[PDB]
file model_17.cif (mmCIF, C-alpha atoms and all ligand atoms)
data_my_file
loop_
_atom_site.label_atom_id
_atom_site.label_comp_id
_atom_site.auth_asym_id
_atom_site.auth_seq_id
_atom_site.Cartn_x
_atom_site.Cartn_y
_atom_site.Cartn_z
CA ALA D 1 123.88 103.21 112.71
CA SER D 2 121.89 101.33 110.13
CA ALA D 3 123.44 102.76 106.98
CA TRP D 4 122.01 100.49 104.31
CA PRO D 5 118.33 101.43 104.89
CA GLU D 6 119.32 104.99 103.96
CA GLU D 7 120.19 103.60 100.52
CA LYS D 8 116.79 104.13 98.75
CA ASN D 9 116.40 107.84 99.49
CA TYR D 10 119.23 108.58 97.00
CA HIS D 11 119.67 105.42 94.80
CA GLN D 12 119.93 106.36 91.06
CA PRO D 13 118.88 104.45 87.92
CA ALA D 14 121.19 102.47 85.68
CA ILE D 15 119.89 104.18 82.51
CA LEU D 16 120.23 101.91 79.53
CA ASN D 17 121.61 102.94 76.14
CA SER D 18 119.95 103.31 72.81
CA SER D 19 120.08 99.69 71.65
CA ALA D 20 119.86 98.20 75.14
CA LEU D 21 116.16 98.96 75.16
CA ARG D 22 115.89 97.82 71.53
CA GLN D 23 116.40 94.28 72.80
CA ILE D 24 114.09 94.47 75.83
CA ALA D 25 111.43 95.56 73.31
CA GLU D 26 112.01 92.17 71.62
CA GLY D 27 112.82 90.05 74.65
CA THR D 28 109.18 90.55 75.79
CA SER D 29 106.37 88.89 73.83
CA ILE D 30 102.79 89.65 74.87
CA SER D 31 100.84 86.80 73.24
CA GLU D 32 102.75 84.03 75.03
CA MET D 33 101.98 85.74 78.33
CA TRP D 34 98.43 86.27 77.21
CA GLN D 35 98.04 82.56 76.38
CA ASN D 36 100.32 81.26 79.09
CA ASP D 37 100.78 83.88 81.78
CA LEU D 38 97.25 85.36 81.69
CA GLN D 39 94.20 83.25 80.67
CA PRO D 40 94.68 80.67 83.43
CA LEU D 41 93.90 83.55 85.85
CA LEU D 42 90.58 84.53 84.19
CA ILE D 43 88.36 82.44 86.45
CA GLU D 44 86.50 83.50 89.59
CA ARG D 45 89.13 83.54 92.31
CA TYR D 46 87.87 85.10 95.49
CA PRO D 47 89.31 83.61 98.73
CA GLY D 48 88.31 80.31 100.24
CA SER D 49 87.16 79.21 96.78
CA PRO D 50 89.01 76.80 94.45
CA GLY D 51 89.78 79.67 92.03
CA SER D 52 92.12 81.05 94.69
CA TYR D 53 94.22 77.89 95.05
CA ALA D 54 94.11 77.32 91.29
CA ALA D 55 95.22 80.91 90.83
CA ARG D 56 97.85 80.27 93.50
CA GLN D 57 99.32 77.25 91.81
CA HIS D 58 99.42 78.66 88.28
CA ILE D 59 101.31 81.67 89.59
CA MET D 60 103.88 79.59 91.39
CA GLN D 61 104.59 77.12 88.60
CA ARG D 62 105.33 80.16 86.49
CA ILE D 63 107.66 81.29 89.25
CA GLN D 64 109.20 77.83 89.57
CA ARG D 65 109.60 77.06 85.86
CA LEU D 66 112.19 79.82 85.75
CA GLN D 67 115.96 79.45 85.73
CA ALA D 68 116.39 82.32 88.15
CA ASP D 69 116.47 81.06 91.71
CA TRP D 70 113.15 82.39 93.11
CA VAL D 71 112.16 81.44 96.63
CA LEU D 72 108.37 81.40 96.86
CA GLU D 73 107.13 81.84 100.44
CA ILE D 74 103.47 81.80 101.57
CA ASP D 75 101.68 83.81 104.21
CA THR D 76 98.50 82.01 105.18
CA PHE D 77 96.21 83.35 107.79
CA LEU D 78 92.70 83.49 109.03
CA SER D 79 91.02 86.84 109.29
CA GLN D 80 87.42 87.61 110.22
CA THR D 81 85.46 88.64 107.12
CA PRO D 82 81.70 89.60 106.93
CA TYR D 83 81.19 85.91 106.21
CA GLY D 84 83.16 84.76 109.25
CA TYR D 85 86.81 83.76 109.48
CA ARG D 86 88.47 82.34 106.37
CA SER D 87 91.84 81.42 104.93
CA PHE D 88 94.01 83.86 102.96
CA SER D 89 97.49 83.55 101.48
CA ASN D 90 99.89 86.08 100.05
CA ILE D 91 102.41 84.80 97.51
CA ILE D 92 105.98 86.07 97.81
CA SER D 93 108.80 85.56 95.31
CA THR D 94 112.03 87.09 96.42
CA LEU D 95 115.33 86.78 94.74
CA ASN D 96 118.09 86.51 97.30
CA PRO D 97 115.96 87.01 100.47
CA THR D 98 118.87 87.86 102.69
CA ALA D 99 119.72 90.66 100.28
CA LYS D 100 119.25 93.79 102.36
CA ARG D 101 117.39 95.72 99.66
CA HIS D 102 114.45 94.76 97.49
CA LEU D 103 112.72 96.65 94.82
CA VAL D 104 109.19 95.21 95.25
CA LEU D 105 106.40 94.46 92.84
CA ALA D 106 102.95 93.62 93.86
CA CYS D 107 99.35 92.86 92.80
CA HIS D 108 96.26 91.19 94.25
CA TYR D 109 95.48 87.88 92.61
CA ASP D 110 92.15 87.48 94.41
CA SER D 111 89.12 89.10 92.75
CA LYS D 112 85.93 90.57 93.96
CA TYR D 113 82.96 88.42 94.87
CA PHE D 114 80.12 89.17 92.43
CA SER D 115 76.84 87.18 92.27
CA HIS D 116 76.46 85.38 88.96
CA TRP D 117 74.31 88.21 87.60
CA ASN D 118 72.65 87.26 84.32
CA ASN D 119 74.35 83.91 84.91
CA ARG D 120 77.73 85.62 84.59
CA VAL D 121 80.78 85.59 86.81
CA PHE D 122 83.40 88.18 87.80
CA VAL D 123 86.98 87.05 86.95
CA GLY D 124 88.76 90.41 87.50
CA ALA D 125 90.31 91.11 84.04
CA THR D 126 91.76 94.56 84.63
CA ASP D 127 91.21 93.96 88.38
CA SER D 128 93.77 92.47 88.51
CA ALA D 129 94.75 89.33 86.57
CA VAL D 130 96.68 91.70 84.32
CA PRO D 131 99.03 92.96 86.96
CA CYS D 132 99.75 89.40 88.18
CA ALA D 133 100.19 88.27 84.57
CA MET D 134 102.12 91.43 83.85
CA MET D 135 104.18 90.26 86.85
CA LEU D 136 104.92 86.89 85.25
CA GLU D 137 106.26 87.91 81.88
CA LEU D 138 108.53 90.21 83.62
CA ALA D 139 110.11 87.29 85.49
CA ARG D 140 110.19 85.25 82.31
CA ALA D 141 111.56 88.02 80.16
CA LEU D 142 114.09 89.02 82.81
CA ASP D 143 114.91 85.44 83.48
CA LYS D 144 118.04 85.82 81.30
CA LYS D 145 119.21 88.84 83.21
CA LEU D 146 117.99 88.12 86.75
CA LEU D 147 120.14 85.03 86.74
CA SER D 148 123.18 87.26 87.14
CA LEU D 149 121.84 88.12 90.67
CA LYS D 150 122.87 84.85 92.49
CA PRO D 151 124.96 97.44 95.91
CA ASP D 152 123.02 94.93 97.90
CA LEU D 153 119.70 94.97 96.03
CA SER D 154 117.56 92.50 94.09
CA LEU D 155 113.88 91.88 93.36
CA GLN D 156 110.81 90.38 94.98
CA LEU D 157 107.28 89.75 93.86
CA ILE D 158 104.13 89.73 96.04
CA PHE D 159 100.56 88.68 95.35
CA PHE D 160 97.73 89.72 97.52
CA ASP D 161 94.59 88.12 98.68
CA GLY D 162 91.46 90.05 99.55
CA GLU D 163 92.47 93.42 98.41
CA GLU D 164 88.83 94.05 97.63
CA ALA D 165 86.11 93.71 100.22
CA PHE D 166 83.40 91.07 100.49
CA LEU D 167 80.52 93.43 100.95
CA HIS D 168 81.46 97.04 101.60
CA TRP D 169 85.03 98.33 101.56
CA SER D 170 86.04 99.43 104.97
CA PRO D 171 89.05 99.30 107.33
CA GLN D 172 87.91 95.91 108.65
CA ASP D 173 86.62 94.37 105.39
CA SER D 174 89.28 95.38 102.80
CA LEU D 175 92.92 94.70 101.94
CA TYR D 176 93.15 91.62 104.00
CA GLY D 177 96.32 90.36 102.38
CA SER D 178 98.40 93.57 102.69
CA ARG D 179 97.19 94.64 106.15
CA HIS D 180 98.35 91.31 107.66
CA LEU D 181 101.69 91.17 106.00
CA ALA D 182 102.85 94.79 106.33
CA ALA D 183 102.09 94.07 109.95
CA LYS D 184 104.31 91.02 109.96
CA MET D 185 107.00 92.40 107.68
CA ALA D 186 107.53 95.12 110.26
CA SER D 187 107.96 92.45 112.95
CA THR D 188 110.26 90.00 110.99
CA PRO D 189 113.72 91.62 111.52
CA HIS D 190 115.93 91.83 108.46
CA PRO D 191 118.33 90.60 107.49
CA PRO D 192 117.78 87.62 109.77
CA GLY D 193 119.24 88.77 113.10
CA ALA D 194 119.27 92.51 112.50
CA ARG D 195 118.51 94.01 115.87
CA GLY D 196 117.04 97.34 114.72
CA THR D 197 115.72 96.78 111.17
CA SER D 198 112.70 94.98 109.66
CA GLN D 199 112.16 93.58 106.17
CA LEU D 200 110.32 96.73 105.31
CA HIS D 201 113.56 98.43 106.23
CA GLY D 202 114.84 96.94 102.99
CA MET D 203 111.79 97.35 100.87
CA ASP D 204 113.46 99.74 98.50
CA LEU D 205 110.28 100.58 96.66
CA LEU D 206 106.73 99.33 96.30
CA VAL D 207 105.82 99.46 92.66
CA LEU D 208 102.13 98.55 92.77
CA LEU D 209 100.16 97.62 89.59
CA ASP D 210 96.35 97.23 89.50
CA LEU D 211 93.42 97.80 87.13
CA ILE D 212 95.54 97.29 84.07
CA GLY D 213 94.33 96.07 80.67
CA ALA D 214 92.10 98.72 79.08
CA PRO D 215 92.98 101.33 76.39
CA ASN D 216 94.01 104.88 77.14
CA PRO D 217 95.02 104.54 80.81
CA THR D 218 95.86 107.64 82.79
CA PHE D 219 98.43 107.32 85.56
CA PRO D 220 98.69 110.29 87.94
CA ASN D 221 101.89 111.01 89.87
CA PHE D 222 100.35 110.56 93.30
CA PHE D 223 103.26 111.09 95.55
CA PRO D 224 106.00 113.67 96.15
CA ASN D 225 108.39 111.09 97.67
CA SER D 226 108.30 108.95 94.47
CA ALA D 227 107.89 111.45 91.68
CA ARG D 228 111.54 110.99 90.67
CA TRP D 229 110.61 107.36 90.18
CA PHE D 230 107.32 108.35 88.46
CA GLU D 231 109.24 110.68 86.20
CA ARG D 232 111.59 107.78 85.45
CA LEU D 233 108.52 106.02 84.05
CA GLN D 234 107.55 108.91 81.81
CA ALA D 235 111.03 109.37 80.45
CA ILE D 236 111.34 105.70 79.53
CA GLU D 237 108.03 106.05 77.79
CA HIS D 238 109.03 109.28 76.06
CA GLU D 239 111.85 107.88 74.15
CA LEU D 240 110.76 104.29 73.57
CA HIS D 241 107.98 106.10 71.73
CA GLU D 242 110.40 108.34 69.72
CA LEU D 243 112.52 105.29 68.77
CA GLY D 244 109.58 103.29 67.32
CA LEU D 245 109.30 100.53 69.93
CA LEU D 246 105.71 101.15 71.01
CA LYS D 247 102.36 100.09 69.50
CA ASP D 248 99.36 102.43 68.90
CA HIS D 249 100.70 105.17 71.12
CA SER D 250 100.69 108.99 70.89
CA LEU D 251 102.55 111.74 72.73
CA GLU D 252 99.23 113.37 73.54
CA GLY D 253 97.75 110.03 74.66
CA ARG D 254 100.60 109.08 76.99
CA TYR D 255 100.01 106.93 80.07
CA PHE D 256 101.83 108.43 83.01
CA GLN D 257 101.20 112.11 83.51
CA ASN D 258 103.16 114.44 85.72
CA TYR D 259 99.85 116.11 86.69
CA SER D 260 99.30 115.57 90.39
CA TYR D 261 95.54 115.73 91.07
CA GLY D 262 92.70 115.50 93.62
CA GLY D 263 93.94 112.91 96.03
CA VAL D 264 94.56 109.40 97.33
CA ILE D 265 93.34 106.01 96.07
CA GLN D 266 93.73 103.59 98.94
CA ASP D 267 95.13 100.21 97.86
CA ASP D 268 97.39 97.49 99.23
CA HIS D 269 100.43 99.71 99.23
CA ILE D 270 98.68 101.40 102.08
CA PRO D 271 99.53 99.40 105.20
CA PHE D 272 103.22 99.67 104.31
CA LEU D 273 102.93 103.34 103.33
CA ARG D 274 100.86 103.99 106.39
CA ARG D 275 104.15 102.64 107.93
CA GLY D 276 106.68 104.61 105.91
CA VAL D 277 107.72 102.91 102.69
CA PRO D 278 108.03 104.46 99.22
CA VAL D 279 105.34 103.18 96.90
CA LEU D 280 105.19 103.37 93.14
CA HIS D 281 101.43 102.83 92.91
CA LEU D 282 100.41 102.26 89.31
CA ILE D 283 96.62 102.81 89.28
CA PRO D 284 94.90 104.76 86.44
CA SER D 285 92.54 107.61 87.25
CA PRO D 286 89.89 107.26 85.66
CA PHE D 287 89.59 103.53 86.30
CA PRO D 288 88.46 101.52 83.30
CA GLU D 289 84.88 102.07 82.26
CA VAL D 290 84.19 98.45 83.18
CA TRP D 291 85.61 98.57 86.79
CA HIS D 292 83.67 95.89 88.83
CA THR D 293 81.30 94.67 86.15
CA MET D 294 80.67 91.42 84.36
CA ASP D 295 82.30 93.33 81.47
CA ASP D 296 85.73 93.38 83.00
CA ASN D 297 86.17 90.31 80.77
CA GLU D 298 89.08 89.41 78.44
CA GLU D 299 87.65 90.98 75.32
CA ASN D 300 87.51 94.43 76.86
CA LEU D 301 91.29 94.29 77.12
CA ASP D 302 93.81 96.03 74.89
CA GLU D 303 96.75 94.02 73.72
CA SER D 304 98.76 96.87 72.42
CA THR D 305 98.57 98.73 75.76
CA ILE D 306 99.84 96.14 78.15
CA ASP D 307 102.44 95.09 75.60
CA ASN D 308 103.52 98.78 75.71
CA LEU D 309 103.06 98.84 79.46
CA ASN D 310 104.96 95.58 79.61
CA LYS D 311 108.07 97.00 77.97
CA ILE D 312 108.19 100.02 80.32
CA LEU D 313 108.13 98.17 83.57
CA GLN D 314 110.80 95.69 82.62
CA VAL D 315 113.15 98.50 81.50
CA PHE D 316 112.43 100.53 84.63
CA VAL D 317 113.56 97.80 86.96
CA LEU D 318 116.69 96.88 85.00
CA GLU D 319 117.91 100.43 85.19
CA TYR D 320 116.76 100.27 88.81
CA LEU D 321 118.56 97.09 89.85
CA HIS D 322 121.48 98.38 87.70
CA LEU D 323 121.33 95.33 85.31
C1 LIG D 401 85.49 105.37 87.25
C2 LIG D 401 85.51 104.49 88.48
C3 LIG D 401 85.66 105.39 89.66
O1 LIG D 401 85.18 104.72 90.78
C4 LIG D 401 86.01 104.63 91.86
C5 LIG D 401 86.39 103.41 92.28
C6 LIG D 401 87.23 103.25 93.33
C7 LIG D 401 87.70 104.34 93.98
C8 LIG D 401 88.70 104.13 95.14
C9 LIG D 401 88.86 105.38 95.94
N1 LIG D 401 88.81 105.02 97.31
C10 LIG D 401 88.55 103.60 97.33
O2 LIG D 401 88.43 103.01 98.31
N2 LIG D 401 88.42 103.02 96.01
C11 LIG D 401 88.28 101.60 95.71
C12 LIG D 401 87.20 100.78 95.94
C13 LIG D 401 87.26 99.43 95.59
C14 LIG D 401 88.42 98.85 94.99
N3 LIG D 401 88.75 97.59 94.55
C15 LIG D 401 89.97 97.62 94.09
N4 LIG D 401 90.43 98.84 94.21
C16 LIG D 401 89.48 99.63 94.76
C17 LIG D 401 89.39 101.01 95.14
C18 LIG D 401 87.35 105.59 93.53
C19 LIG D 401 86.49 105.73 92.47
ZN ZN D 402 88.29 95.89 92.49
#
call {"tool": "encode", "arguments": {"input": "model_17.cif", "output": "structure tokens", "more": "lines below"}}
Ligand SMILES: CCCOc1ccc([C@H]2CNC(=O)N2c2ccc3nc[nH]c3c2)cc1
Ligand SMILES: [Zn+2]
result
Amino acid sequence: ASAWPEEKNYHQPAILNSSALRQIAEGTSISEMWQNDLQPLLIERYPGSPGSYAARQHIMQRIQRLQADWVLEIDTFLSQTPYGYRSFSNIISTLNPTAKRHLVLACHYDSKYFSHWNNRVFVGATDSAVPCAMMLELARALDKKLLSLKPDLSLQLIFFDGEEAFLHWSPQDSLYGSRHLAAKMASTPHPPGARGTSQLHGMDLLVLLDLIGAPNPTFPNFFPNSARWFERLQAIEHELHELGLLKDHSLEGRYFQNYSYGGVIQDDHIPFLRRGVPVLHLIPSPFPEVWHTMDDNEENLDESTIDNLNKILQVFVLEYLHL
């Protein structure tokens, strides 16, 4: 008779009021993040290397520094890769982890393995230090409000290893992080003791971010069972714009677009979604014109965009959590 799983089909947004946003637009400050959240991620960081680890620590410190009561839990494993077994580790960052329901956020901190062509390295700027670093200034910004969390539903933050693939994408050499977890998180009952429900059973919603940081992104509305949460993201945008809180932004050149399209882009939402969770996959289509090049660097980013895309995702969740 598990009622409380049923609670994400229908759950509505706590829509904020005119000058509620007008703070959130000033609670969030991009540069800090860009100096402090971001640039310590812009190093090679494929798995088994030191740039992993280093990426792993800098993420956690910036989830420990916070007043909110995060519990950071690690998921280390070994998993045959085309270079033989190796050691992976998802980050997790749940508020209130016996809370039955979690809005989830997500994004692979690893980064593809690219030969130092022309002596140059691949750091993953759009792909995806921006999502991770987007997923820190949330926390920080919403520190002040998340502290009130100490409708059984909070937040949680994940960070994936080996989304990418060492050599050639495939179902045995891609999304190593997700695949392993989404496994587990279907086997780890939840809350602790629940005899017919698994943590997934509480995963309200998998907002995935990925390939973020370049101008003029284009986010399709991939799914029918998460439109109403896609739409939510357009709306917020619509008016934020018409109030004056965005930066180099035009109605025509909006980000989300309620134009469903061709088809699927498989990413780390998948193993969960191939198990029956709502995703809110936030992946532009077209990708950036740099996607997997030694030009995915920091320059080829756009401040004004992520700043704008920063504001939207913090608002969305607030409304969501009802805070
Ligand atoms: C303009 C760039 C378009 O190129 C594409 C790149 C990736 C994909 C998707 C679609 N199916 C996949 O498996 N893709 C893929 C490949 C590698 C990735 N690394 C991170 N995300 C990836 C997605 C499609 C077009
Ligand atoms: Zn990639």
call {"tool": "residues_near_ligand", "arguments": {"input": "model_17.cif", "ligand": "ligand ZN 402 (chain D)", "cutoff": "8 Å", "atoms": "only C-alpha atoms and all ligand atoms", "output": "PyMOL selection string"}}
result
chain D and resi 111-112+124+127-128+163-164+211+291-292
call {"tool": "residues_near_ligand", "arguments": {"input": "model_17.cif", "ligand": "ligand LIG 401 (chain D)", "cutoff": "10 Å", "atoms": "all atoms listed in the file", "output": "ChimeraX atom specification"}}
result
/D:108,111-112,124,127-128,162-165,168-171,174-175,210-211,263-268,283-292
call {"tool": "atom_distance", "arguments": {"input": "model_17.cif", "atom1": "CA of residue 270 (chain D)", "atom2": "CA of residue 1 (chain D)"}}
result
27.4 Å
call {"tool": "residues_around", "arguments": {"input": "model_17.cif", "residues": "region 71-88 of chain D", "least_positions_apart": "4", "cutoff": "9 Å", "atoms": "all atoms listed in the file", "output": "MDAnalysis selection string"}}
result
chainID D and resid 47:48 52 60 63:64 92:97 157 160:162 165:167 172:174 176:177 180:181
call {"tool": "residues_around", "arguments": {"input": "model_17.cif", "residues": "residue 208 (chain D)", "least_positions_apart": "6", "cutoff": "10 Å", "atoms": "all atoms listed in the file", "output": "MDAnalysis selection string"}}
result
chainID D and resid 104:108 131 158 267:269 279:283
call {"tool": "closest_residue", "arguments": {"input": "model_17.cif", "among": "D:68, D:61, D:7, D:257", "to": "residue 144 (chain D)", "atoms": "all atoms listed in the file"}}
result
D:68
call {"tool": "residues_around", "arguments": {"input": "model_17.cif", "residues": "residue 187 (chain D)", "least_positions_apart": "2", "cutoff": "10 Å", "atoms": "all atoms listed in the file", "output": "list in words"}}
result
residues 181, 182, 183, 184, 185, 189, 190, 197, 198, 199 and 200 of chain D
call {"tool": "atom_distance", "arguments": {"input": "model_17.cif", "atom1": "CA of residue 139 (chain D)", "atom2": "CA of residue 67 (chain D)"}}
result
9.8 Å
call {"tool": "closest_residue", "arguments": {"input": "model_17.cif", "among": "D:129, D:319, D:218, D:54", "to": "residue 42 (chain D)", "atoms": "all atoms listed in the file"}}
result
D:129
call {"tool": "closest_residue", "arguments": {"input": "model_17.cif", "among": "D:29, D:178, D:19, D:216", "to": "residue 301 (chain D)", "atoms": "all atoms listed in the file"}}
result
D:216
call {"tool": "closest_residue", "arguments": {"input": "model_17.cif", "among": "D:322, D:22, D:62, D:56", "to": "residue 243 (chain D)", "atoms": "all atoms listed in the file"}}
result
D:22
call {"tool": "closest_residue", "arguments": {"input": "model_17.cif", "among": "D:132, D:246, D:66, D:236", "to": "residue 316 (chain D)", "atoms": "only C-alpha atoms"}}
result
D:236
call {"tool": "atom_distance", "arguments": {"input": "model_17.cif", "atom1": "CA of residue 260 (chain D)", "atom2": "CA of residue 239 (chain D)"}}
result
21.9 Å
call {"tool": "closest_residue", "arguments": {"input": "model_17.cif", "among": "D:249, D:221, D:154, D:126", "to": "residue 261 (chain D)", "atoms": "only C-alpha atoms"}}
result
D:221
call {"tool": "residues_around", "arguments": {"input": "model_17.cif", "residues": "region 276-278 of chain D", "least_positions_apart": "4", "cutoff": "10 Å", "atoms": "only C-alpha atoms", "output": "number ranges by chain"}}
result
D: 8-9, 200-207, 223-226, 229, 269-272
